[PDB]
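First the structure, in the form of structure tokens, and then the observations on it.
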Amino acid sequence: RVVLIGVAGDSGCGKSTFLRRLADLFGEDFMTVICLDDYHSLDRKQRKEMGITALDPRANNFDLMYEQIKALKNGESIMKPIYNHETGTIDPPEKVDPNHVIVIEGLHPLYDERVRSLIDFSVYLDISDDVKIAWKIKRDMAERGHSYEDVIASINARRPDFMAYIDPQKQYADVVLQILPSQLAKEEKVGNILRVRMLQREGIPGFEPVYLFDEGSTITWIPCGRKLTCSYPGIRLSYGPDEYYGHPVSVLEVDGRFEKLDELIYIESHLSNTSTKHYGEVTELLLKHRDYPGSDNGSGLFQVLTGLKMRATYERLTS
Amino acid sequence: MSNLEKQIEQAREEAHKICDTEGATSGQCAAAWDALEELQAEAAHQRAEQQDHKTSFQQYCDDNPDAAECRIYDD
Amino acid sequence: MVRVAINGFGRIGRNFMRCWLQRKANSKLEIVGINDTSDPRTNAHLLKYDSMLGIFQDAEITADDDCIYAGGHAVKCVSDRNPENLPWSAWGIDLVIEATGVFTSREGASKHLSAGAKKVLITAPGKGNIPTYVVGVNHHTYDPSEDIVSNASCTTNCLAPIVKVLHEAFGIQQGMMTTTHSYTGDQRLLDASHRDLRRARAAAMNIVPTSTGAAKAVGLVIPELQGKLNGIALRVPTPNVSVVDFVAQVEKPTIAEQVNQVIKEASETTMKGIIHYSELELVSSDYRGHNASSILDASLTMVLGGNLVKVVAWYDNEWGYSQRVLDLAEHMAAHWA
Amino acid sequence: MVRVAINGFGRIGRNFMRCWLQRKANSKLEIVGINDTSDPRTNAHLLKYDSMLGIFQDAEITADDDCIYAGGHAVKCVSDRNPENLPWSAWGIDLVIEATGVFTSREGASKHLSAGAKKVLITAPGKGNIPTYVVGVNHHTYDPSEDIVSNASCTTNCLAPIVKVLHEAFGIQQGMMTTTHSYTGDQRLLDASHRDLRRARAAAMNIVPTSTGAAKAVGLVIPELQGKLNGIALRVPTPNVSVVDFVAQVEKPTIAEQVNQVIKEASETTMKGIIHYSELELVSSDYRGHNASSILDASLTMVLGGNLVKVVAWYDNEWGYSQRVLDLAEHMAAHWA
Amino acid sequence: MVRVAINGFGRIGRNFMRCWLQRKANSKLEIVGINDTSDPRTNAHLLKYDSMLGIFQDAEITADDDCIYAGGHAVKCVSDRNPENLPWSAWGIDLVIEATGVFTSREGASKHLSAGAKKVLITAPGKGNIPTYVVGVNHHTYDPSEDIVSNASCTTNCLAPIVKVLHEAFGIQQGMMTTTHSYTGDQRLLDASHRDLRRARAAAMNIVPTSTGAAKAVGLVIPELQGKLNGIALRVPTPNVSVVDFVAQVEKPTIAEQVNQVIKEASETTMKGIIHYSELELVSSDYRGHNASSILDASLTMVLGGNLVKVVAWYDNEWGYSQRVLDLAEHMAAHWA
Ligand SMILES: NC(=O)c1ccc[n+]([C@@H]2O[C@H](COP(=O)([O-])OP(=O)(O)OC[C@H]3O[C@@H](n4cnc5c(N)ncnc54)[C@H](O)[C@@H]3O)[C@@H](O)[C@H]2O)c1
Ligand SMILES: NC(=O)c1ccc[n+]([C@@H]2O[C@H](COP(=O)([O-])OP(=O)(O)OC[C@H]3O[C@@H](n4cnc5c(N)ncnc54)[C@H](O)[C@@H]3O)[C@@H](O)[C@H]2O)c1
Ligand SMILES: NC(=O)c1ccc[n+]([C@@H]2O[C@H](COP(=O)([O-])OP(=O)(O)OC[C@H]3O[C@@H](n4cnc5c(N)ncnc54)[C@H](O)[C@@H]3O)[C@@H](O)[C@H]2O)c1
């Protein structure tokens, strides 16, 4: 069989740690990675000539990617082209073979509707603009390129078509992870502690939600107290039924910074329908890689929760 | 890096020029800043791979694995 | 008759050659090529005078710089570290026996397939989804178009028949193991620089522990137990033979005598030639050169609470593992496609 | 100040003497009598030049045929195999330290009590209902009228604090152990005649297995786990230090990191000086002379299925066991009755 | 103060570093550079936890990927097998200590001189006419423009002071030696492929003999005995220390007591700190870490026919040889030109 997983976000294709957590979960033996900048129509020269970004529905051969994607189901080794990233040009293609798990990730994994009918499980990954700025400050600060504070003006110039081109895809994804500045902590820089939330969608079977103590009644839980000595500022979870874009969703939400072990196992003991064959398996998957960015906050929690639901969908698809 | 090291500053000069001259809010200089951000993204991809520069073992065991320094009979 | 080859004339290669010299008449295999990083003068001496199995006695060993005459039988020999420059199609090689401990990947081992060999049997737990097969458990269920097959480690090759018997008779929920392993060639003799720190220390002096995934390879060769078997290894200063402890958590309750009875009759019906059963109070060095891939030690089997069993198994990781390699090679010769 | 004596100046006796020479100032114990089957000229040499702990350095060792001068401090010394002909009341002996491995019975050890000694601390798992006490578990709960007390074996003395911590934190249903043990003096060097057959074989050559009841002694020192703990031992050719594997079946489920956290904080609150916690990739010989009675090896702790835990513990059965003997002796000196 | 470097951080390098950490205050030498084929994280661990000399205790050892902090003292560290790409003039290196066992030729060792180092002291008997110097025999007679100097082997470094004393006191016609040598890192652990066949066999199992010319190196460091001294070596399974037998044919006749008297007074007048004299019945492991480069064993010295003498000398080929290397390095620092 062929299963398929759609990831959506502008974190750079193969440049986000969610794929790394999926690699720790499945293994690169069982899955292969497909970037989606490879199906660009023409180059950055023709982007400058046509005056167009890399976000245009003109800018990709959306039909040949569909033909290779449908041929992925039939077992044959696909021949996919490669965007030469340094030059902006296009490599003559590479013949790669299908695997047990196939992923699809790029700026438009979901813009096509026939592949939206093809993708077995979908993830959009949203980022608020504040932590965009806080990540670009780290981007041009660690490199010391000295290109800051007009990239601020690049943000809002990149903004308007992006909301037209990309953001209506989240109206069709299953799970969407938003990352916000933390309301809890104020006297830091604006990107230390994240306020993350995984708006997951009901409906489509196999995918359960992961509900905190009750399906469908908003519950804001702080695990500090008689059995956990919370540091500053500690965790503040949330939950809530909601209808996002007129669709039955269930936001599960975490604010805070995981400082130690027991506060991360105590949270995991109380989530429900998390689909583990193993007690504390989510905590083990958190602490197999202490060095990954975002393990100390809820981003690494939610990414591995989504990947664990991907295990659930894979077990549903392969019996 | 020297080539993209120059090209990022060249596209930065163009970002100062084309989006002050030929329209600050249109598709042309949005394509220009999109290009410069992709150049920055490939600088990031170069940066992370040079952070993952191995010192010796994934070189000397890359080319000659069976030396006594990195035989692993994972048995 | 199948023309076979040996990549890496080390411990496993010398034992493979010695086994084929002791099982010559019943063989569809003719060993025609070896390659080591040594000249052909040295490794013939190392074949004849093994400091573990004594002096070889049955056939005469001699060599010159291009061939090796073992008992009148000639065998070719070459030396190269690149697998791509090797005369395989020039020698007519169906099956090459990867035993260098280097080419564990599919892309590494497939270099011989590219260079002109038809099938490769690698004597290591390979990285990536290489089809693994253990004689006595699932040596039947290989597809003969699978040209790149892998025998597992010696610990897995010992442990998996016992786990098969106990899973069929009782059913296994979970299971640990802790093999007290003889020291292998990877460890440095004195404290020298090494990629892993616990193998960097002295071998003759120390119980060095190591983490292995070779317990999980039972979950490959038995599919319904994957993710349920894990264990560590202890390397102690004995040169040849080793013992494996195995703690399983069965669910059908029983006593210590009954599991011994089950394995004793399984030694005589199905696992004959794989599992030997010994009710003697032997020690380690009485298993140098034993033909079975697991000798169950009877007096130490114990059950606590009905649902928690411990067995221990002697096994020779240099001779019995070579025997299982040669049996798998003959069994793939008997179903050549 | 308590005048103490040593029966049998073997490995445990020499290590006890060396420990008291290194812990002299804080001691309510003064060692005034020893007896070995050797003359006083030889065992002073064996005290000074230990081929395991090197040459002793701090104090001067000399002897003549009636006394031994250790650092200016005189100690008496005699030689007799009959415990009934021994000058105990002539020397004023409160506590004698039985370390011959001979007098394990109550009736054997009570011969010193009859011959004029007040209390006896035997460094062996004694036959019969002798009250056993481990420092760090139940060294408080001895009645001071119990004059015949027993420290358990070194394996039990290592294993029982870990089992105490895991039983308090998680609760234990069942538990196995398999200690990879250094070779002791009881084994014959070459293959010589011996009462047990698996100890009759060569020590430097072999992994010899043996059955021990020293796992059950945890069920003595922890009463609610008796009949639930059992295990075997493996003697491998390392001279000094050893490691113990321990498989428990807990009932409160957890992961591998949490048990390491529990034992790490128990190393710093209650078991301080008993259990050391090491997150290094050390090997065996880096624990020669460590003061703790169990070094938990952190990187090898594993949990399968939530309710099945495995730890391994390095421990020195010649130095740390002597340290616990001397700590128990001082702790019975502090509550002399 | 002389900035010095270490090529090859093996046994001799780790012992050299440990000796300099124990002789820091009286040193004109500051160790500023090392290079091994390992990363700087591993060899700091191997420096701190030596499985032969125990855990280092006096100073703290830590590292990151570019430097090593030994007791607060920083030292640089790099990794390259080509000696020509090494930052010597970038680091200001007067003396580099060749200890890889690779660069024994003049043209090999002179690569460091070309690459920007001022003097090289190689810890091996070098091929070709490299000026060799032994501390205690002819450490005075070096010309300070000789930038490429060689210390001899450990066997020669032990044997030559005894031969100097016996040649001055009695006069030597001929002389044999047979050193019972501890196993070194060159031998393969199991029977693996090796350039010389007698080193190809197992080290922990075997007395392997080998032919050495290190007896003839005494004829280099003592010129009037060249071509008169020859001997073999026996590698036995002891890890650290070794003993050398020495049969000389003197011409001035004497008895066994008189040669002991001569060497005893030479231990107290001229060879002080080189030759220790021991009238104890010690054994091998009581010389792990001894500072002298030869401990003469007194009870075994014998003379047959007046003109035929045999001595035996304990010596540590990993610690005392490092001590003589560091003494030669300081002695060339004291006469820097
Ligand atoms: N040692 C055991 O008892 C045992 C048991 C089961 C499995 N194995 C596996 O068997 C393999 C080999 O074991 P071994 O003890 O024979 O190893 P070894 O290192 O003792 O011998 C391997 C031989 O192959 C040679 N070699 C290495 N790389 C080579 C190359 N690229 N080209 C040519 N020759 C090369 C080596 O120089 C040596 O001659 C390893 O995968 C090991 O894990 C070993
Ligand atoms: N060996 C260890 O590391 C270790 C660890 C824990 C406990 N123990 C226990 O310690 C005891 C002794 O161990 P050991 O290694 O010192 O033993 P050992 O045999 O090495 O030394 C015992 C000494 O006592 C002497 N002796 C024996 N019987 C005697 C008698 N009747 N009268 C006088 N002297 C007598 C022996 O000759 C020898 O000198 C045994 O019970 C052993 O199980 C040993
Ligand atoms: N082993 C002894 O006790 C002893 C005694 C006297 C003299 N020696 C001589 O000392 C030398 C080294 O002895 P050892 O036991 O330390 O050897 P070793 O092999 O144990 O250690 C040598 C170290 O140097 C490294 N090395 C080798 N070639 C290198 C290169 N080209 N560049 C960088 N690093 C390199 C090795 O990988 C290892 O880290 C040999 O000449 C030996 O004969 C040894």
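Naming works like this for the structure tokens: A, B, ... for the chains as they're shown, residue 1 at the start of each chain, ligands 1 onward in shown order.
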
Residue 252 in chain A: which residues within 6 Å, counting only C-alpha atoms, same-chain residues fewer than 3 positions away excluded, as a VMD selection string? chain A and resid 197 to 198 239

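Selecting chain D residues within 6 Å of chain C and counting only C-alpha atoms yields residues 206, 207, 208, 237, 283 and 284 of chain D.
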
Excluding residue 208 in chain A and residues on its chain fewer than 4 positions from it, collect all residues at most 9 Å away from it, counting only C-alpha atoms, and give them as a list in words. residues 201, 202, 203, 204, 273, 274, 275 and 309 of chain A

Atoms kept (N, CA, C and O atoms) for selection, written as a compact mmCIF listing (two decimals), in the first residue's frame:
# COMPACT_ATOMS: atom_id res chain seq x y z
N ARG A 201 -9.27 18.90 13.66
CA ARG A 201 -10.58 18.89 13.05
C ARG A 201 -11.26 17.55 13.29
O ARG A 201 -10.64 16.50 13.17
N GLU A 202 -12.55 17.60 13.60
CA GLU A 202 -13.35 16.40 13.76
C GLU A 202 -13.78 15.88 12.39
O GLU A 202 -13.24 16.27 11.35
N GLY A 203 -14.74 14.97 12.37
CA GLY A 203 -15.25 14.52 11.10
C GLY A 203 -14.62 13.26 10.58
O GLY A 203 -15.06 12.16 10.92
N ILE A 204 -13.63 13.42 9.70
CA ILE A 204 -12.95 12.37 8.95
C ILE A 204 -12.47 11.24 9.85
O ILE A 204 -11.68 11.48 10.78
N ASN A 273 -6.95 9.73 24.36
CA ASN A 273 -6.94 9.30 22.96
C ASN A 273 -5.66 9.70 22.25
O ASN A 273 -5.66 10.03 21.06
N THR A 274 -4.55 9.65 22.97
CA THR A 274 -3.29 10.03 22.35
C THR A 274 -2.70 8.91 21.52
O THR A 274 -1.69 9.15 20.85
N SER A 275 -3.29 7.72 21.55
CA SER A 275 -2.94 6.58 20.71
C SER A 275 -1.48 6.16 20.90
O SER A 275 -0.65 6.24 20.00
N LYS A 309 -0.49 10.78 15.93
CA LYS A 309 -1.73 10.57 15.19
C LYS A 309 -1.45 10.10 13.77
O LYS A 309 -2.28 9.39 13.19

List all protein, DNA and RNA residues that have an atom no more than 6 Å from any atom of ligand 1, counting only C-alpha atoms and all ligand atoms, and report them as a tab-separated table (two decimals) with C-alpha atoms, in the first residue's frame.
chain	number	residue	atom	x	y	z
B	66	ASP	CA	37.36	-0.73	9.13
B	73	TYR	CA	30.57	-4.96	15.60
B	74	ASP	CA	27.12	-4.07	16.91
B	75	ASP	CA	26.47	-7.58	18.05
C	8	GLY	CA	36.93	-10.17	4.26
C	9	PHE	CA	38.93	-13.12	5.47
C	10	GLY	CA	38.62	-12.39	9.16
C	11	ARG	CA	37.26	-14.53	11.98
C	12	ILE	CA	33.97	-15.24	10.26
C	13	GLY	CA	35.74	-15.81	6.96
C	35	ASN	CA	39.78	-11.05	-0.57
C	36	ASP	CA	41.41	-9.63	2.51
C	37	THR	CA	43.58	-6.62	3.13
C	80	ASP	CA	41.31	-4.50	-2.62
C	81	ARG	CA	39.33	-2.22	-0.35
C	99	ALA	CA	32.00	-10.41	6.23
C	100	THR	CA	34.01	-7.22	6.61
C	101	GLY	CA	31.71	-5.46	9.04
C	102	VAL	CA	31.92	-2.44	6.76
C	123	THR	CA	26.86	-11.58	8.00
C	124	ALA	CA	25.80	-8.56	10.02
C	153	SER	CA	24.16	-11.01	14.67
C	154	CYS	CA	25.38	-14.04	16.56
C	184	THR	CA	35.35	-9.29	19.59
C	185	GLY	CA	37.93	-7.75	17.32
C	317	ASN	CA	29.77	-16.75	18.29
C	318	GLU	CA	32.65	-17.78	16.06
E	192	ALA	CA	43.61	-10.90	12.71
E	193	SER	CA	45.63	-10.04	9.64

Chain A residues near chain D (9 Å cut-off, only C-alpha atoms) as number ranges by chain: A: 261-262, 265, 277-281, 283-284, 287

Output N, CA and C atoms for every residue in the selection just made, as a JSON list (two decimals), in the first residue's frame.
[["chain", "number", "residue", "atom", "x", "y", "z"],
["A", 261, "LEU", "N", 11.43, 16.94, 34.16],
["A", 261, "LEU", "CA", 10.86, 15.68, 33.70],
["A", 261, "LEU", "C", 9.46, 15.41, 34.23],
["A", 262, "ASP", "N", 9.26, 15.59, 35.53],
["A", 262, "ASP", "CA", 8.00, 15.18, 36.13],
["A", 262, "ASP", "C", 6.84, 16.05, 35.67],
["A", 265, "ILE", "N", 5.90, 14.42, 32.36],
["A", 265, "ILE", "CA", 5.17, 13.15, 32.40],
["A", 265, "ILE", "C", 3.80, 13.33, 33.02],
["A", 277, "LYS", "N", 0.85, 2.84, 22.28],
["A", 277, "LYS", "CA", 0.96, 1.46, 22.71],
["A", 277, "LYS", "C", 1.84, 1.31, 23.94],
["A", 278, "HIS", "N", 2.30, 2.42, 24.50],
["A", 278, "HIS", "CA", 3.39, 2.44, 25.46],
["A", 278, "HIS", "C", 3.15, 3.58, 26.43],
["A", 279, "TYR", "N", 3.27, 3.31, 27.73],
["A", 279, "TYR", "CA", 3.08, 4.36, 28.72],
["A", 279, "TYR", "C", 4.22, 5.36, 28.66],
["A", 280, "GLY", "N", 3.89, 6.64, 28.68],
["A", 280, "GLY", "CA", 4.90, 7.69, 28.63],
["A", 280, "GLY", "C", 5.66, 7.79, 27.34],
["A", 281, "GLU", "N", 5.13, 7.19, 26.27],
["A", 281, "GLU", "CA", 5.83, 7.12, 24.99],
["A", 281, "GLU", "C", 6.06, 8.50, 24.42],
["A", 283, "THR", "N", 6.64, 11.15, 26.25],
["A", 283, "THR", "CA", 7.76, 11.74, 26.98],
["A", 283, "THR", "C", 9.08, 11.17, 26.50],
["A", 284, "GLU", "N", 9.10, 9.87, 26.16],
["A", 284, "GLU", "CA", 10.31, 9.29, 25.60],
["A", 284, "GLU", "C", 10.63, 9.92, 24.25],
["A", 287, "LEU", "N", 12.24, 13.20, 24.87],
["A", 287, "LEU", "CA", 13.58, 13.21, 25.41],
["A", 287, "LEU", "C", 14.54, 12.26, 24.72]]

Based on DSSP run over this structure's backbone, return all residues of range 17-241 of chain D in strand (DSSP E or B), as number ranges by chain. D: 29-35, 49-50, 54-55, 61-63, 67-70, 73-78, 95-98, 119-123, 132, 148-151, 172-182, 208-212, 229-236, 241

If the cut-off is 8 Å, can you tell me the residues of chain A near chain B, counting only C-alpha atoms? I'd like them as a VMD selection string. chain A and resid 12 15 44 47 to 48 51 to 54 85 to 86 139 143 154 157 to 158

Per residue of chain C within 10 Å of ligand 3, note the shortest atom pair and the distance in Å to one decimal, counting only C-alpha atoms and all ligand atoms, and order the rows by chain and increasing residue number, as a tab-separated table.
residue	atom	partner	partner_atom_place_in_ligand_line	distance
C:188	CA	ligand 3	20 (O)	9.0
C:189	CA	ligand 3	20 (O)	8.6
C:190	CA	ligand 3	20 (O)	6.6
C:191	CA	ligand 3	20 (O)	7.1
C:192	CA	ligand 3	20 (O)	5.6
C:193	CA	ligand 3	39 (O)	5.3
C:194	CA	ligand 3	39 (O)	8.6

Kindly save the residues from that selection, with N, CA, C and O atoms included, as a JSON list (two decimals), in the first residue's frame.
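New file part-v4.json:
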[["chain", "number", "residue", "atom", "x", "y", "z"],
["C", 188, "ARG", "N", 39.60, -2.13, 21.24],
["C", 188, "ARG", "CA", 41.02, -1.90, 21.22],
["C", 188, "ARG", "C", 41.66, -2.67, 22.36],
["C", 188, "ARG", "O", 41.05, -2.89, 23.41],
["C", 189, "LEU", "N", 42.89, -3.11, 22.13],
["C", 189, "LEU", "CA", 43.57, -3.96, 23.09],
["C", 189, "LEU", "C", 43.97, -3.17, 24.33],
["C", 189, "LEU", "O", 43.54, -3.48, 25.44],
["C", 190, "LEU", "N", 44.80, -2.17, 24.16],
["C", 190, "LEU", "CA", 45.00, -1.24, 25.25],
["C", 190, "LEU", "C", 44.05, -0.08, 25.06],
["C", 190, "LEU", "O", 43.27, -0.04, 24.11],
["C", 191, "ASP", "N", 44.10, 0.87, 25.98],
["C", 191, "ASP", "CA", 43.15, 1.97, 25.93],
["C", 191, "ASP", "C", 43.50, 2.90, 24.79],
["C", 191, "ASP", "O", 44.34, 3.78, 24.94],
["C", 192, "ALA", "N", 42.89, 2.69, 23.64],
["C", 192, "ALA", "CA", 43.20, 3.46, 22.47],
["C", 192, "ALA", "C", 41.96, 4.19, 21.98],
["C", 192, "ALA", "O", 40.84, 3.92, 22.42],
["C", 193, "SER", "N", 42.19, 5.12, 21.06],
["C", 193, "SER", "CA", 41.13, 6.00, 20.60],
["C", 193, "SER", "C", 40.16, 5.23, 19.72],
["C", 193, "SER", "O", 40.56, 4.48, 18.84],
["C", 194, "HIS", "N", 38.87, 5.44, 19.97],
["C", 194, "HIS", "CA", 37.86, 4.65, 19.30],
["C", 194, "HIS", "C", 36.59, 5.48, 19.21],
["C", 194, "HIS", "O", 36.41, 6.43, 19.97]]

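Atom pair CA of residue 232 in chain A / CA of residue 295 in chain A: separated by 17.1 Å.
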
Kindly give the distance, in Å, that separates CA of residue 275 in chain E and CA of residue 158 in chain E, rounded to a single decimal. 8.6 Å

Closest atom pairs, chain B residues within 10 Å of chain C, only C-alpha atoms, as a Markdown table:
| residue | atom | partner | partner_atom | distance |
| --- | --- | --- | --- | --- |
| B:57 | CA | C:195 | CA | 7.0 |
| B:58 | CA | C:195 | CA | 9.6 |
| B:61 | CA | C:195 | CA | 9.0 |
| B:64 | CA | C:81 | CA | 8.9 |
| B:65 | CA | C:102 | CA | 6.3 |
| B:66 | CA | C:102 | CA | 6.2 |
| B:67 | CA | C:186 | CA | 9.1 |
| B:68 | CA | C:186 | CA | 6.5 |
| B:69 | CA | C:194 | CA | 4.1 |
| B:70 | CA | C:195 | CA | 5.0 |
| B:71 | CA | C:186 | CA | 5.1 |
| B:72 | CA | C:186 | CA | 5.9 |
| B:73 | CA | C:186 | CA | 6.1 |
| B:74 | CA | C:212 | CA | 6.1 |
| B:75 | CA | C:153 | CA | 5.3 |

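For the atom pair formed by CA of residue 290 in chain E and CA of residue 171 in chain E, the distance is 29.1 Å, given to one decimal.
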
Compile the contact shell of range 19-31 of chain D as number ranges by chain: residues with an atom at most 7 Å away, counting only C-alpha atoms, same-chain residues fewer than 3 positions apart removed. D: 1-5, 15-16, 75, 323, 330, 333

Any chance you could export the current selection's N, CA and C atoms as a compact mmCIF listing (two decimals), in the first residue's frame?
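In the end it all went to selection12.txt:
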# COMPACT_ATOMS: atom_id res chain seq x y z
N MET D 1 35.78 3.33 73.22
CA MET D 1 36.57 2.67 72.19
C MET D 1 36.38 1.17 72.27
N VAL D 2 36.13 0.54 71.12
CA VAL D 2 35.73 -0.86 71.06
C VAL D 2 36.86 -1.68 70.47
N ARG D 3 37.34 -2.66 71.23
CA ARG D 3 38.42 -3.53 70.79
C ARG D 3 37.86 -4.63 69.90
N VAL D 4 38.30 -4.66 68.64
CA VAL D 4 37.74 -5.57 67.66
C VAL D 4 38.80 -6.49 67.10
N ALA D 5 38.33 -7.56 66.48
CA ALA D 5 39.19 -8.62 66.01
C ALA D 5 38.74 -9.10 64.65
N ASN D 15 41.23 -6.04 53.20
CA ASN D 15 40.54 -4.82 52.84
C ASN D 15 39.94 -4.13 54.06
N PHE D 16 39.51 -4.90 55.05
CA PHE D 16 38.98 -4.32 56.28
C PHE D 16 40.07 -3.58 57.03
N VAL D 75 49.41 -4.41 66.60
CA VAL D 75 48.26 -5.31 66.59
C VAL D 75 48.75 -6.73 66.83
N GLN D 323 33.93 -1.68 52.99
CA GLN D 323 33.45 -0.41 53.52
C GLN D 323 32.13 -0.57 54.24
N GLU D 330 31.16 0.09 62.91
CA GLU D 330 31.08 1.36 63.62
C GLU D 330 29.66 1.68 64.06
N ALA D 333 29.10 -0.15 67.04
CA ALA D 333 29.85 0.45 68.13
C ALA D 333 29.12 1.67 68.69

Check the DSSP output for the backbone and give back, as a PyMOL selection string, the residues of range 128-231 of chain E in alpha helix (DSSP H). chain E and resi 154-169+217-221
